[PDB]
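Trainee: Have a look at this fold, sequence not included:
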Ligand SMILES: *[C@@H](C)[C@H]1/C(=C/c2[nH]c(/C=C3N=C(/C=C4\NC(=O)C(CC)=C4C)C(C)=C\3CCC(=O)O)c(CCC(=O)O)c2C)NC(=O)[C@@H]1C
Ligand SMILES: *[C@@H](C)[C@H]1/C(=C/c2[nH]c(/C=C3N=C(/C=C4\NC(=O)C(CC)=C4C)C(C)=C\3CCC(=O)O)c(CCC(=O)O)c2C)NC(=O)[C@@H]1C
Ligand SMILES: *[C@@H](C)[C@H]1/C(=C/c2[nH]c(/C=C3N=C(/C=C4\NC(=O)C(CC)=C4C)C(C)=C\3CCC(=O)O)c(CCC(=O)O)c2C)NC(=O)[C@@H]1C
Ligand SMILES: *[C@@H](C)[C@H]1/C(=C/c2[nH]c(/C=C3N=C(/C=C4\NC(=O)C(CC)=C4C)C(C)=C\3CCC(=O)O)c(CCC(=O)O)c2C)NC(=O)[C@@H]1C
Ligand SMILES: *[C@H](C)[C@H]1/C(=C/c2[nH]c(/C=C3N=C(/C=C4\NC(=O)C(CC)=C4C)C(C)=C\3CCC(=O)O)c(CCC(=O)O)c2C)NC(=O)[C@@H]1C
Ligand SMILES: *[C@H](C)[C@H]1/C(=C/c2[nH]c(/C=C3N=C(/C=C4\NC(=O)C(CC)=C4C)C(C)=C\3CCC(=O)O)c(CCC(=O)O)c2C)NC(=O)[C@@H]1C
Ligand SMILES: *[C@H](C)[C@H]1/C(=C/c2[nH]c(/C=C3N=C(/C=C4\NC(=O)C(CC)=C4C)C(C)=C\3CCC(=O)O)c(CCC(=O)O)c2C)NC(=O)[C@@H]1C
Ligand SMILES: *[C@H](C)[C@H]1/C(=C/c2[nH]c(/C=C3N=C(/C=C4\NC(=O)C(CC)=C4C)C(C)=C\3CCC(=O)O)c(CCC(=O)O)c2C)NC(=O)[C@@H]1C
Ligand SMILES: *[C@H](C)[C@H]1/C(=C/c2[nH]c(/C=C3N=C(/C=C4\NC(=O)C(CC)=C4C)C(C)=C\3CCC(=O)O)c(CCC(=O)O)c2C)NC(=O)[C@@H]1C
Ligand SMILES: *[C@H](C)[C@H]1/C(=C/c2[nH]c(/C=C3N=C(/C=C4\NC(=O)C(CC)=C4C)C(C)=C\3CCC(=O)O)c(CCC(=O)O)c2C)NC(=O)[C@@H]1C
Ligand SMILES: *[C@H](C)[C@H]1/C(=C/c2[nH]c(/C=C3N=C(/C=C4\NC(=O)C(CC)=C4C)C(C)=C\3CCC(=O)O)c(CCC(=O)O)c2C)NC(=O)[C@@H]1C
Ligand SMILES: *[C@H](C)[C@H]1/C(=C/c2[nH]c(/C=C3N=C(/C=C4\NC(=O)C(CC)=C4C)C(C)=C\3CCC(=O)O)c(CCC(=O)O)c2C)NC(=O)[C@@H]1C
């Protein structure tokens, strides 16, 4: 999992070196960020139910056929809506992990690695989840460094799906 | 040349990755550090001749035989004293580079790599330079982060010699 | 391209071996198939426009939002409808190459390798193309060996897309 | 590679000189632009896929010879290689922006790239045209005043554009 | 590499066209020749050792300077390397016959062989002569009317001769 | 490899839960200690060569069988290896201190170290004694109150002692 | 590589003839000189560090620009490399002396060395000067009459001097 | 390692091996030696039949048309390598063979297995083989001109300690080969990120005295056990039993439902 | 020569292409500080590369400070 602290050691270790000022600076950079990330995680967590519900609704509005067409990959029944809300919940939850971890590591490990195969195997449009992530970006109400770091992870996912 | 910024890009490049929040945090940690390093660089530069002259004399005091014994590797004549002051000047100047760069890179590139072969070939004792670097740690009059970063580079050089 | 004859030689060459009875049987297997493949190619070629037009309309019928939604990736304007027909024409034309060559070689080389990246980048649903390929399977009118080989290539593409 | 700080160091060591007060002050002025530099890097990165694909769509619309049968970007494999190259070049431009020095772009991306395209028959001039469209999209992204502390980024933007120009010239 | 079929495909794809009726019929004509093609590959392959060994003896008899001390085919390693090269060329000619296209022979065996022999000091002209002797024996073997369903193999024999000529022309 | 933050994250994901309020606040507390952590890492690193050579000297003085002829740290090659190992362990201890999690030390350095030393015939008990010696010196160095903003480093000191203990336990 | 013997054999084989009686006699004279050749190799080898370090010291004193900041032998890595090259050349000179043929020196040391230095910006003329100083000290060491059975070594000294001159010319 | 340990572990010959480099203007003998060394290393020391040699690739190397690294890759991609190590082996056995043959080490962690299984599933055999030879690890240890050699018995930068212990599972002695497919001895310890005791050379030996039965032989049974009788104190156990009691011990272990992981003479 | 072996087993038109890289200036850097083998030539060295490995070799050279001075089709 990529985070500033694990990347610092991995690099130092691959070089067979003690940590130096360069890695200490990496740690300071982590500290400057960490509290804002933790607050971002808390703010997203508290609002998660509303964020997840609004995102699924946003996807259904942008892609009405998903709630009208029969098929295992669509949300025309409650089964599909539950799957969809669950998936969006996964994205949001793992994004909170990235804010806690201070890096995309959690997205890389838990969500992004393999998502292309899943979306093709089960015929899920990546554009659906892009729209959900857009919604969360607009409605999470963060500001400052919390908004910037949270948006970086949301954009990282959007870019991986795009 | 190990610095936070280059190491950040080196790591991302080896992964074929755009820069992410992890690397941005590395940048902030650099920005938090840079001004103290630049101030440390200035203070050391302005006091360079004093620091170098004192460090040289400290070596002569600690190792009196280096001013009494004949031989190319010693400082019994003006030739050897000049060489010796030059060497100490190299350590101090390059240390200032490390403070400017924000990492050991300049010490690694310009001085540390191959130092053992030179000292063995020309029969120069690492202990002489350790003493010189200890003097500089004891007399540069730095405080706070300037002192912390500067001592790390001096200690880095000492450790490489030990 | 991957075809019975080139694969036979490629394998033989890697072993530094003259062609043996095993490769001759591969050639006989190709001959058994060639005429039916050439007949399938001519039949698909002659009805190319009808197949391509029909397949394109089949996609529109099954995915009506493609002709109703504004966007670079959709066929709501003449531009997209022309892109779409071109694309379906590509699938059809390259499939005829496979029948001529006697393998998936042409599909692999010209269409399939990289198709995942194209569809992701340009937000094209692979389900669209699967539907177009199914239409072609249902309307090419082949029978016997010609039908079996053609459908294997259509299914090969379908499997690649899902 | 070099960054903005080590570029100055290497020049000073070649002369055997401490950095002057003017050089330290200039690097201190570099530090003061640091946050804007990070913002520009972050903004380009968060829009990487859109920058590339939009630039690619516009390129192929301007130059339909590239995608018609027989064109250099025809077939999925070549199209994907083309998109990949656009992404690569943008990635290394962000690297140069992040380090504040062109060396990573020149040493690791543009090194032998003109020769690669000639040997392959990639039309280097069309690559340059593509890079230009990514430059124009990227700068507007960096310059967007919405949702960010307001300030003057024209210096960083100018530096970014030079990295795009250097990449464009390297192939064209 | 191309075979007879994919050679036409690649050209058609480059133009974005379906194969014409004329092209398909040409390919159908090739199919009709398939059994003769297979027999010719089998016959050359079954006699490969004799074709090489007889061709080499005949070449060293006409060109004794090759096998005198200091000659290019002198010492066991060079003689063995020379015999290997003859068998390699014959092998790739049978690949080309089998595929019905010269690309395997040209891409893998011949392209660069002239330059390689020049650097080694291998006499390219003598190699061509040996290729000629293998060609003559190989064509006689293909044409042997005994033990095979009688028919006209003139077209396949002309193609095989062309492949030998490419090989000969590529060394000298 | 885990750090203090990702260790908690990984457990949360396995449970399918967001981090609770208290878990985030515990992480806030870890952030509050970050400066002390960095200082500890910086101090051990800065004294690395002395910590190893002092601990090494003391070990061989207490256990002269190690350096006697025929001993396991006798001859230059084995002495060098032994000194290298002490530095290796110290280096991985500082890594664990820096990350706030033992994974780097356990996965990369300690796992298989016992089997390695048993296989080689390196006396693990002796290695453990050396680690204990480095432990005490490092903590004294970390705990030195001179030249540093005064505060309470008891928690960090305990954590670092823990990592040293893991290494001592591992090698026997 | 060749040695003094296999050099004659290889020429003989290309002509397909036995070594003449005078060629065998000449090799016998070479054998009669074997002990002096061994002594010279041993003497240079025994003093290799001194030969290298003294010549290097003499070179930098004669050519101060090399070691000024920005000079080619400035920085430890470059100085280290420079000292290594001196030793490599001296080592290969002794190899040639040991074998009695220059082929080892030319093939494994000097081949490509001028191009290497030109590409690196190493001053080849300064290298040649350092090789001259090594040559001078080596021949004095080889001719040192003390502690060795007395005899005339002028032939071997000339042969060695040639190898040094070969090295110096290859770079300058 | 040093004589004192290498002698016990049966790796003296590995320690004294010298990397073999193909130099400019090499002789015919030196090329021959290099070709032999590549075959020994990449094919895991099988007896190589003359019919299996890569005639053409050998010629190109000898002609300096391709580098040593190219020739290693030619052999790794050959049908000989495939038949020996791929077509009859499970994937994880195939992967550790590639690590031994091409990088001269044992796999460090389960994620290496996962990476290479994914790569094979994605790009097939050629992409899998090329990953080893094109890797940073290959280029920095052997470059283009040095034949690969076993490295697992020496401390490498950026290795895991368990690489040393695991080396003894994939390197079984000088007079051995990877010829019989089979399963990996590393599966469990990779999957669970653990290590196993090194029983190699003469380290498997244990004292007999008067307690080793009629044949004076002890067998070492390594088991994984649980409490499904007397209390179980360790989930991993070893038993030393004489030949005469070996059947009884197996039956005891079997009756308890415990798993035998390894048995060998002691 | 070399194409027969350099081009792998892909049997693709794209992969059936070899290019001769001319590289110069390969020298010691921090990138190859740990490299276990010696650099023998810093002048022009020529490297045959199949199309399928052009990305890798270009990255390897560039990561090692080498300059790609020319690339020629085989
Ligand atoms: C040109 C690039 C645009 C612009 C930039 C700009 N940014 C700031 C200030 C800040 N930007 C950041 C950035 C981040 N904070 C984070 O936590 C992260 C996520 C990892 C990022 C990328 C920060 C920390 C600051 C400083 C605090 C602040 O908000 O002021 C400025 C102000 C000047 C300064 O350099 O500090 C400017 C000008 N502004 C524009 O108008 C351009 C469109
Ligand atoms: C010119 C090449 C000579 C020639 C050839 C020739 N062959 C056939 C017909 C056949 N040859 C085969 C070959 C094989 N059958 C096998 O099982 C194998 C072993 C693996 C081989 C090589 C076959 C199957 C046929 C068809 C059936 C038959 O027995 O004839 C012909 C007839 C035309 C045709 O296309 O079939 C010809 C002309 N004939 C000559 O006179 C040349 C000297
Ligand atoms: C136990 C570890 C000892 C101890 C530590 C301690 N340190 C601080 C505060 C700071 N320490 C640093 C460290 C650095 N600044 C740099 O620029 C670098 C070089 C890369 C380093 C290593 C910093 C930045 C701070 C904050 C500013 C300050 O100077 O105070 C504290 C104070 C509490 C805090 O959390 O910051 C403490 C307690 N103090 C002791 O007495 C122990 C022996
Ligand atoms: C010019 C080179 C100087 C010189 C040389 C010289 N040496 C000998 C004779 C011998 N030298 C040796 C050498 C060795 N014996 C050993 O055991 C080893 C250690 C591995 C070495 C290097 C030997 C064996 C001999 C033969 C016995 C003897 O001592 O005579 C000679 C004498 C003639 C001869 O060719 O043997 C000479 C001339 N003599 C000088 O004056 C030069 C300074
Ligand atoms: C001073 C503490 C003691 C001392 C010094 C001394 N040094 C030399 C010679 C050299 N010193 C260096 C060192 C460097 N060169 C570099 O480029 C750098 C890195 C930037 C360093 C650190 C080198 C390479 C040499 C040899 C070449 C040269 O002379 O420049 C000498 C003379 C040795 C000789 O044989 O000429 C001396 C005297 N000597 C003492 O006694 C002091 C206590
Ligand atoms: C039709 C089923 C649906 C559809 C099609 C559509 N496609 C594009 C754009 C492209 N199509 C391709 C495909 C290929 N290019 C090739 O070379 C080959 C292999 C021979 C294939 C299969 C590509 C690469 C593109 C992008 C580049 C280009 O435009 O040429 C578009 C436009 C996308 C855009 O952003 O411009 C469209 C509309 N769209 C629908 O809605 C149909 C259901
Ligand atoms: C897109 C706008 C244009 C285009 C591109 C195109 N490029 C290639 C092939 C290659 N491009 C590169 C370049 C790089 N690879 C790297 O790793 C980096 C440095 C990190 C760079 C700059 C390389 C090396 C290749 C060849 C190797 C490979 O593709 O894997 C192609 C394919 C050409 C072919 O014949 O296959 C294409 C299509 N083509 C256009 O028409 C656009 C103008
Ligand atoms: C025999 C009729 C003539 C002859 C041949 C000869 N060739 C060589 C050396 C080489 N031949 C090749 C050619 C190839 N190698 C391959 O793998 C392939 C397929 C891609 C071909 C076409 C090569 C590469 C070499 C050089 C490397 C090697 O020796 O194997 C020699 C040896 C020359 C020498 O050893 O110096 C010889 C003798 N020589 C004659 O005189 C005949 C006219
Ligand atoms: C004598 C010339 C000067 C001197 C010696 C001295 N040596 C040490 C310590 C060590 N010496 C060695 C050397 C070896 N160990 C080996 O196994 C072998 C190879 C067979 C050798 C050559 C080692 C490894 C040590 C360190 C460990 C040990 O104590 O054995 C010391 C003490 C250093 C210390 O810190 O304890 C001393 C004093 N010192 C002088 O002043 C003499 C001029
Ligand atoms: C010193 C306190 C004791 C001692 C040490 C000793 N160790 C070895 C050999 C090895 N040590 C290791 C350990 C590691 N290698 C790694 O890469 C890592 C970090 C990831 C570790 C922890 C290994 C693997 C070896 C074996 C391989 C190698 O030696 O390179 C020796 C050498 C034994 C021999 O016979 O050569 C020694 C001497 N010995 C003592 O007596 C001290 C108690
Ligand atoms: C010293 C008298 C002069 C000098 C030397 C110098 N050389 C290099 C770098 C290299 N030298 C070589 C030469 C060889 N490598 C070999 O393996 C062999 C054959 C066995 C030879 C002859 C090479 C290949 C290099 C480059 C790679 C490497 O350094 O290992 C340098 C360093 C150049 C740089 O920029 O780092 C130097 C300084 N320089 C002087 O000024 C003296 C005149
Ligand atoms: C002959 C008297 C008996 C016999 C032998 C036999 N051995 C093998 C296979 C191998 N033999 C070895 C042995 C060595 N390889 C080495 O490198 C060394 C020296 C360090 C030795 C001693 C090896 C490693 C193998 C396996 C590898 C390989 O076979 O290539 C076989 C072949 C078995 C098979 O084909 O499966 C045979 C037949 N067999 C008898 O019946 C005789 C009693």
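Mentor: Thanks, I have the structure now. Residues are numbered from 1 along each chain as shown, chains lettered A, B, ... in the order given. Ligands and ions are numbered 1, 2, ... in the order given.
Trainee: nearest spatial neighbour of the residue in chain A that ligand 7 sits nearest to, skipping sequence neighbours?
Mentor: Closest contact between chain A and ligand 7, by Cβ to the nearest ligand atom, is at residue A:162 (17.5 Å). The way it works is simple: take the backbone N, C-alpha and C, and place the C-beta from them, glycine included. By the measure of Cβ to Cβ, 6 or more residues apart in numbering or on different chains, the closest residue to residue A:162 outside its immediate chain neighbours is residue D:49, 3.7 Å from it.
Trainee: quick one, helices of chain A?
Mentor: Taking DSSP state H to define them, one finds helices in chain A at A:4-14, A:21-46, A:48-62, A:78-101, A:105-106, A:115-121, A:126-139, A:144-161.
Trainee: and those helices, which is most packed in?
Mentor: helix A:105-106 (a mean of 26; mean count of other Cβ atoms under 10 Å in any protein chain shown).
Trainee: could you say what helices and strands that one packs with?
Mentor: For helix A:105-106, the packing partners by 3 or more Cβ pairs under 8 Å, 6 or more residues apart in numbering or on different chains; DSSP states H and E come out as helix A:78-101, helix F:4-15.
Trainee: Would you agree the residue nearest to residue A:162 falls within a helix?
Mentor: Yes - Residue D:49 forms part of a helix when assessed by DSSP: H, G, I helix; E, B strand; the rest coil.
Trainee: Let me know how buried it is, in neighbour terms.
Mentor: 20 (other Cβ atoms under 10 Å in any protein chain shown).
Trainee: and the gap between it and residue C:121?
Mentor: Relative to residue C:121, residue D:49 is positioned 7 Å away (Cβ to Cβ, to the nearest Å).
Trainee: shared neighbours of the two, anything?
Mentor: residue A:162 (Cβ atoms under 8 Å, 6 or more residues apart in numbering or on different chains).
Trainee: just to revisit the earlier point, can you tell me which of the helices and strands packed on helix A:105-106 is nearest to residue E:158?
Mentor: Closest to residue E:158 of the helices and strands packed on helix A:105-106 is helix A:78-101 (Cβ to Cβ; 65.3 Å).
Trainee: wait, does that closest one make contact with chain F?
Mentor: Yes - Helix A:78-101 reaches chain F (Cβ under 8 Å from any Cβ of the partner chain) through A:93-94, A:96-97, A:100-101.
Trainee: ok so, going back, please list all residues in contact with the residue of chain A closest to ligand 7.
Mentor: Contacts of residue A:162 (Cβ under 8 Å, 6+ apart): A:126, A:130, C:120-121, C:123, D:49-50, D:53.
Trainee: Which two of those residues have the greatest separation?
Mentor: Of all the pairs that the contacts of residue A:162 form, the one spanning the most space (Cβ to Cβ) is A:126 and D:50, at 13.9 Å.
Trainee: residues in the stretch 51-200 of chain H within reach of chain D, list them.
Mentor: Neighbours of chain D within the stretch 51-200 of chain H, by Cβ under 8 Å from any Cβ: none found.
Trainee: which residue ranges form the helices in the stretch 51-200 of chain H?
Mentor: H:55-62, H:68-77, H:79-85, H:91-98, H:110-133, H:136-141, H:162-170, H:187-191 (DSSP state H, counting those that start in this stretch).
Trainee: Out of those, which is closest to chain B?
Mentor: Closest approach to chain B among the helices of the stretch 51-200 of chain H (Cβ to the nearest Cβ): helix H:136-141, 7.9 Å.
Trainee: so how far is that closest one from its chain's centroid?
Mentor: Helix H:136-141 sits 19 Å away from the centroid of its parent chain (Cα atoms, centre = their mean, to the nearest Å).
Trainee: tell me which residues in it are buried?
Mentor: H:137-141 (16 or more other Cβ atoms under 10 Å in any protein chain shown).
Trainee: Could you do stretch D:113-127 as well?
Mentor: For stretch D:113-127, by 16+ other Cβ under 10 Å, it's D:113-120, D:122-124, D:126-127.
Trainee: ok now that stretch, how far from the chain's centre?
Mentor: 18 Å.
Trainee: That stretch and chain I, any residue contact?
Mentor: Yes - judged by Cβ under 8 Å from any Cβ, stretch D:113-127 and chain I are in contact via D:115-116, D:118-120.
Trainee: check which helix or strand covers the most centrally placed residue in chain D.
Mentor: Centroid-nearest residue in chain D: residue D:93, 2.4 Å away (criterion: Cα atoms, centre = their mean). Per DSSP states H and E: residue D:93 is located in helix D:76-99.
Trainee: what do you get for residue H:211?
Mentor: Residue H:211 belongs to no helix or strand, assigned by DSSP H and E.
Trainee: Once you drop chain neighbours, what's closest to it?
Mentor: Closest to residue H:211 by Cβ to Cβ, 6+ apart is residue H:242, at 7.3 Å.
Trainee: In TSV: the helices of chain A, plus distance to residue C:17.
Mentor: Shown next, in TSV, are the helices of chain A (distance: least, Cβ to Cβ, whole Å):
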stretch	distance to residue C:17
helix A:4-14	44
helix A:21-46	56
helix A:48-62	58
helix A:78-101	53
helix A:105-106	50
helix A:115-121	38
helix A:126-139	47
helix A:144-161	46
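Trainee: residues near the residue in chain A positioned nearest to ligand 5, how many?
Mentor: Going by Cβ to the nearest ligand atom, ligand 5 is nearest to residue A:20 of chain A, at 18.9 Å. Per other Cβ under 10 Å, the neighbour tally for residue A:20 reads 26.
Trainee: which phi and psi does the closest residue to it other than its chain neighbours have?
Mentor: Distances taken as Cβ to Cβ, 6+ apart place residue B:104 nearest to residue A:20, at 5.2 Å, with adjacent residues excluded. With angles defined as degrees, to the nearest 10, residue B:104 sits at phi -80, psi -10.
Trainee: on that earlier part again, residue I:37 is nearest to which of the helices of chain A?
Mentor: helix A:4-14 (18.5 Å).
Trainee: And the closest one, how far out from the chain middle?
Mentor: Computed by Cα atoms, centre = their mean, the separation of helix A:4-14 from the middle of its chain amounts to 23 Å.
Trainee: so who does residue 59 touch?
Mentor: This is for chain A. A:66, A:84, A:88, A:128-129, A:131-132, A:135.
Trainee: Please refer instead to chain I.
Mentor: residue D:108.
Trainee: That one and chain G: what is the separation?
Mentor: For residue I:59, the distance to chain G (Cβ to the nearest Cβ, to the nearest Å) stands at 21 Å.
Trainee: do residue H:184 as well
Mentor: For residue H:184, the distance to chain G - Cβ to the nearest Cβ - is 42 Å.
Trainee: a markdown table for the residues of helix A:78-101 next to chain F, including distance to residue F:167?
Mentor: Listed next are the residues of helix A:78-101 next to chain F as a markdown table, based on distance: Cβ to Cβ, whole Å:
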| residue | distance to residue F:167 |
| --- | --- |
| A:93 | 36 |
| A:94 | 34 |
| A:96 | 34 |
| A:97 | 30 |
| A:100 | 28 |
| A:101 | 26 |
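Trainee: Ligand 10: which of those residues is nearest?
Mentor: Ranked by distance to ligand 10 (Cβ to the nearest ligand atom), the residues of helix A:78-101 next to chain F are led by residue A:101 at 25.0 Å.
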